[PDB]
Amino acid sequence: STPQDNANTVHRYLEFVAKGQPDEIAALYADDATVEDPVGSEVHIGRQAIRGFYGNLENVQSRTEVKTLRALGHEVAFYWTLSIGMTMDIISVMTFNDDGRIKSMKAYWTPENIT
């Protein structure tokens, strides 16, 4: 996949986060993808575990905003906000397989980053 493809996929991801759609989110990930959210916590391995993880937002309407996004090589680093009044500003890095699905996600945030 190209960096443009991968940027588009990140926008998809944030769309489905905003709409509270964990099935759509999980479908963006590869079969043996990893999610580490937050960095430092136990990694979630495989789409089944990843789909379970994203139950934390099913039917949760929110708003997302990309502050800056850099699609380089097979990676995308993006700094963004999640608003559920309460707002989280998050630094995320995703990497992508050859087919364009997400191979890994890492999220860098703490409650210090909640307003």
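A residue's number is simply how far along the shown sequence it sits, counting from 1.
Missing residues, deposited sequence, between residue 84 and residue 85 (class: none, 1 to 3, 4 to 9, 10 or more): Some 4 to 9 residues are missing between them.
Of 22-30 and 66-74, the stretch whose C-alpha atoms average the higher B-factor in the entry: Stretch with the greater average CA B-factor: 22-30.
32-40 set against 45-53, stretch whose average Cα temperature factor tops the other in the entry: So the stretch with the higher mean C-alpha B-factor is 45-53.
Assigned third (lowest, middle, highest) for the C-alpha B factor of residue 6: Within its chain, residue 6 is a lowest-third residue by C-alpha B-factor, going by the deposited values.
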